Amino acid sequence: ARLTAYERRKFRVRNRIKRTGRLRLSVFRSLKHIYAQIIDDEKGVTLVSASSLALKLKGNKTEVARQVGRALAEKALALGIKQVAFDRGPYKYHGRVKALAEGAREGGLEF
Amino acid sequence: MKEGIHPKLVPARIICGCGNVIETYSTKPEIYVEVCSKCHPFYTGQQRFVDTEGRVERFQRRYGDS
Amino acid sequence: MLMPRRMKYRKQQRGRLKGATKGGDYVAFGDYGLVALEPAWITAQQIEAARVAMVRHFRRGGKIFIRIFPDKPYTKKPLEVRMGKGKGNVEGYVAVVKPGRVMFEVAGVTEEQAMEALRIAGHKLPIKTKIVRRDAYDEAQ
Amino acid sequence: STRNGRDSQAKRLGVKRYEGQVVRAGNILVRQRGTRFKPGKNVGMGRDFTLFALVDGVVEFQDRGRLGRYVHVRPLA
Amino acid sequence: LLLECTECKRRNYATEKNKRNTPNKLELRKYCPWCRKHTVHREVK
Amino acid sequence: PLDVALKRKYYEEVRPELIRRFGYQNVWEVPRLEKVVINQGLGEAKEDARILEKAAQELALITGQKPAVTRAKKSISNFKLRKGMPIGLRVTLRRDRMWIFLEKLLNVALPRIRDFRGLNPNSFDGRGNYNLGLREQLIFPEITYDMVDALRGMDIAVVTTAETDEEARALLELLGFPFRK
RNA sequence: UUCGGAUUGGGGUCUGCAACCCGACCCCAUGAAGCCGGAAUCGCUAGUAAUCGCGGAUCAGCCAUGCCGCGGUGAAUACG
RNA sequence: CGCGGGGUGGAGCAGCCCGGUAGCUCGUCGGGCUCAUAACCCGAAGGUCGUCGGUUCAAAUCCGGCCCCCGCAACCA
RNA sequence: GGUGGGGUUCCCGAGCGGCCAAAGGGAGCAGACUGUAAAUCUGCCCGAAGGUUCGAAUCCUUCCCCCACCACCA
RNA sequence: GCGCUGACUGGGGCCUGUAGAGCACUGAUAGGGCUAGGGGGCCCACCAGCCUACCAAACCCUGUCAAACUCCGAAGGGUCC
RNA sequence: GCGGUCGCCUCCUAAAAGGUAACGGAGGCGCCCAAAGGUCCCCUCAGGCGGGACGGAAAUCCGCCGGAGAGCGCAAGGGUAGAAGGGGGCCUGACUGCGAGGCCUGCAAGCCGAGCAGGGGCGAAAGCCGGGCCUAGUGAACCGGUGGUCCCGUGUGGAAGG
RNA sequence: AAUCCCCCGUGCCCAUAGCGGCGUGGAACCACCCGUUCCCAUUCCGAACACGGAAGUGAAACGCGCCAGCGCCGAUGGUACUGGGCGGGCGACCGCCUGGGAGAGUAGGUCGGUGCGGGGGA
Ligand SMILES: [Mg+2]
Ligand SMILES: [Mg+2]
Ligand SMILES: [Mg+2]
Ligand SMILES: [Mg+2]
Ligand SMILES: [Mg+2]
Ligand SMILES: [Mg+2]
Ligand SMILES: [Mg+2]
Ligand SMILES: [Mg+2]
Ligand SMILES: [Mg+2]
Ligand SMILES: [Mg+2]
Ligand SMILES: [Mg+2]
Ligand SMILES: [Mg+2]
Ligand SMILES: [Mg+2]
Ligand SMILES: [Mg+2]
Ligand SMILES: [Mg+2]
Ligand SMILES: [Mg+2]
Ligand SMILES: [Mg+2]
Ligand SMILES: [Mg+2]
Ligand SMILES: [Mg+2]
Ligand SMILES: [Mg+2]
Ligand SMILES: [Mg+2]
Ligand SMILES: [Mg+2]
Ligand SMILES: [Mg+2]
Ligand SMILES: [Mg+2]
Ligand SMILES: [Mg+2]
Ligand SMILES: [Mg+2]
Ligand SMILES: [Mg+2]
Ligand SMILES: [Mg+2]
Ligand SMILES: [Mg+2]
Ligand SMILES: [Mg+2]
Ligand SMILES: [Mg+2]
Ligand SMILES: [Mg+2]
Ligand SMILES: [Mg+2]
Ligand SMILES: [Mg+2]
Ligand SMILES: [Mg+2]
Ligand SMILES: [Mg+2]
Ligand SMILES: [Mg+2]
Ligand SMILES: [Mg+2]
Ligand SMILES: [Mg+2]
Ligand SMILES: [Mg+2]
Ligand SMILES: [Mg+2]
Ligand SMILES: [Mg+2]
Ligand SMILES: [Mg+2]
Ligand SMILES: [Mg+2]
Ligand SMILES: [Mg+2]
Ligand SMILES: [Mg+2]
Ligand SMILES: [Mg+2]
Ligand SMILES: [Mg+2]
Ligand SMILES: [Mg+2]
């Protein structure tokens, strides 16, 4: 089996984003944690990071998520950053990712 | 499982030439069965009833003395 | 008469006879060979006039390898010429043969026996030839 | 007679601006049949797969291997 | 089958293409008029 | 419904005898049952969907799941069959419901097959899953014989995490599959 | 189909020197074609036709459903 | 060479347009009537569609080639 | 494009405001007669939607096709 | 009228699929081996069934061919600075 | 003369930009789709081998291997699974008013097109949407039909006719 | 802070990073995993997608290493061809000068490299 549905759908949803050419807010949700970077492509460079790992929190991951959401706005908005594009990667926009997103408002907007 | 248009699958009671199969777990509880094997009728714990092996044998025997 | 079964296009352009080259050329199958000195279109009916010259000399004996093949369609206009209307009418087939190529190439026969056969075989051909033996130079592969 | 005899018009396809040419927004850059030059930075691609400068700029070519060939317009014309 | 789409009144609109017997029905679909904005647009003649 | 005698019988009888025999180093490495997929090729019913829907009603009754419908991949003319017509039914089942179904299959169904000197042991497909076809559908307990319009069989596919054949055999052996030896 | 008993499996009885080819019969299993027969065609005018059984001859036994006889019950219809 | 038409059970012909299940007459075979044959009557069998590629899900059928066939043409010179 | 006729049980075909399984013909089936084949004879079996009345195969609107005709074509 | 922009030349980028060559694709194709299918010669007529000094799939060794083949690909040519 | 041909698309000829001829080699078009269209969300082929009742070279099912040889309505080419392919849901942007700037080009045509405005669709959003993977599916003007609208209406209002 | 090593993201080069075989990793990260109440789900199936988890395992997956059987990359020399200049042959075609110079093949090479950000080590 070459190149699984995971890595297709991943590319498929990424490639579209990378076109509009905004800052990318990438989201990696694992079985335990949820992490988010804000990346500038063509400089190939991460700007602002946030995670349930580095903020050492737990208790009900959809609620954890919204928190690393408000956490990213805060840090990021501080550098001038506004207007990004919301990655969502392999994930359906739903649940934990929907929540990091819909807690990633107050800065870093339109989602 | 999708909700609606789906069979119930409730704990049941199956009978046979033997006693009850307690396990069951199927729609339509309390079902009757022709012959269950694994209680050892039917070739399991083989009884081999009304066996023969007499095809060569019969003309080897009664024809022996006669 | 050699001829490809199942062609992809009947009627292909003539193209040139340039540049003696491109494989064949080293005697891979046998003890002796006929090598092309000049370029030509060599005709199926020419190849079989060579084949038979040789099997006749082996009295059906020996081994004969050929190694050129007539895949190039040869057209002609009926007699009745007049230029136009179309192209028309494949007669034979040819193999294109440039210099240094081995055609034919016998084996399993005495030297002076094969060398006599190849010489005969050569007269049936339109170009000049060379008879050859086999070599260190024909390597191993 | 011959049952042959046709051909269609030349479609005058190919590349219309080469690397480091100064283009303008809207200039078309490549005329092409399939997707054989994919649009890069600041390069649109029309329904006939045709690539055009999005901005005034200069043109650069990029060969990305299995990713294909890419035409970008590099802004600040 | 050449196709011509009326709407309600003032009758100016836009026209179309149907090469089929489907839909054989009243053949009606939503569109933008030049005066009012985006009404029902049925098919006539 | 998490009890299911055969399920238990796998853990407290079969898993152990398995490690004892092949000597598995890891907990996971010992063969698990995933996925009994049941399938009916029904193309006997082509232009009549009425015949199909009665047969899917049938499976659900024995499986406890409403089956899928499979549709003609390509048009193949020699026997009817244009593309996209309903061919037959297919239901995947796992995880409990595979268990509860396999349980019935071993104690009730197979005993009720005419003759049945046991299951052919060459159907292991060599990467270690097993497949079997059935002639009629009333060998299941849920079928009353007065509900049958016509007898249609099926294909049962059983998938093992056993990398090999000989292993996959053992698993099913020890589960009580009556092989013809 | 409790119609019909063809085929076939197995098991036996008897005659006979002997039943493989080729016997008759009994029992168990098996139960086929066949739902009244195209063009056509046969018999019969009364105790006849239909239907039912029984006997002889030949013969060890029998392929007899044949033949030659026996009685049992017993129609229809002849304008011409 | 040119152009148009064709090639299908034993014979002679449909079917090809318009893709999906090859028909008609005669002939042949088995029976009936007759002393017998023929006529007549009741049944039956028989063709892969010149050939090779191709198109399609499917080709006697649509396309291409080759092969025989019939017709027309070959004038100014 | 226009005008006039249509549309009925398998085919044709008449078809009326008081119901018209709906004349009739032939086809098919089963009987009678039979050298063959028939001829003769007896039985068997409302284009569409809507609408007007108590009743619609009948009257109207509409829609779909057929036949017919006339006319036009930048 | 403009007036250094011209042909040609130097350097630099980009573009291309020819000459050559190649056989990875599409086809063609010689010799061998190994092998489905098969002609069959036939062992039976029940699945069987051994041999190929004929066809011939695939597959492997060896060896080639192509305007409408290309895993490759010059010299040159075009265009902008 | 007879025969063939005559516009459009694809490939080769065509000499590695473009263009390029012959009664040079080969094929196709004169349509089609209310989903075969927009969008969002998923999904990934053909083929080979093993397995599996009726199932056979191939109906459907399961395993593994298979980077694209499948599919993309139709000819070929280019393209293409990191989708243009397959499925589903909501939908009609197969909108109106325009159109920087260019491809092409003797003319006239043919072509691509960002962007703004109106009112929308799908989407959480970024966004996409002015038919369809693309390249054929076509016809200047004149004369007339039909629908609409404001415009003109031969002294004036109408009307005729534009 | 830095340098290093390990992991998780996420880019770039676009096979010298690939297939295969072996080995190795669970503290932490990651996965599988525990469940299906809830959000949300599968033309049937929590397989997938989704949520709540944290008992177990690194078996699968992945990460890291090693091996050149395959795959991939590949000189140097030498030819083919050729821009420009000249000859030769009835021809098909050949040769010389000057500049450029493949393809295959031979030697070899390779079981990746690297950026930004995290988490962890020192
Ligand atoms: Mg040579
Ligand atoms: Mg000579
Ligand atoms: Mg062209
Ligand atoms: Mg397995
Ligand atoms: Mg006998
Ligand atoms: Mg009866
Ligand atoms: Mg009789
Ligand atoms: Mg009398
Ligand atoms: Mg009687
Ligand atoms: Mg008697
Ligand atoms: Mg006769
Ligand atoms: Mg006679
Ligand atoms: Mg065919
Ligand atoms: Mg004259
Ligand atoms: Mg008669
Ligand atoms: Mg100057
Ligand atoms: Mg200049
Ligand atoms: Mg220069
Ligand atoms: Mg060449
Ligand atoms: Mg090749
Ligand atoms: Mg070439
Ligand atoms: Mg190279
Ligand atoms: Mg240059
Ligand atoms: Mg003429
Ligand atoms: Mg060119
Ligand atoms: Mg050129
Ligand atoms: Mg044509
Ligand atoms: Mg497959
Ligand atoms: Mg298979
Ligand atoms: Mg393709
Ligand atoms: Mg859709
Ligand atoms: Mg313009
Ligand atoms: Mg808008
Ligand atoms: Mg005029
Ligand atoms: Mg006008
Ligand atoms: Mg105005
Ligand atoms: Mg006025
Ligand atoms: Mg006046
Ligand atoms: Mg006036
Ligand atoms: Mg752990
Ligand atoms: Mg541990
Ligand atoms: Mg629930
Ligand atoms: Mg589902
Ligand atoms: Mg592991
Ligand atoms: Mg090399
Ligand atoms: Mg060199
Ligand atoms: Mg030179
Ligand atoms: Mg090299
Ligand atoms: Mg990295």
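Using N, Cα and C of the backbone, Cβ positions are placed for all residues, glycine too.
Under the three-state DSSP scheme, B:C16 (Zn(2+) binding site) falls in the coil class. Of all the Cβ atoms in the protein chains shown, 21 others lie within 10 Å of the Cβ of B:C16 (Zn(2+) binding site). For B:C16, B:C18, B:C36, B:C39, the entry in Swiss-Prot reads Zn(2+) binding site, with the evidence type sequence analysis.
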Next item on the list: State the count of C-beta atoms found within 10 angstroms of the C-beta of B:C36 (Zn(2+) binding site), not counting that atom itself.
Entry: 25
Checklist line | For B:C39 (Zn(2+) binding site), the number of other Cβ atoms found within 10 Å of its own Cβ | finding: 17
Check: Hey, what's the Cβ neighbour count for B:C18 (Zn(2+) binding site) at 10 Å?
Finding: 16
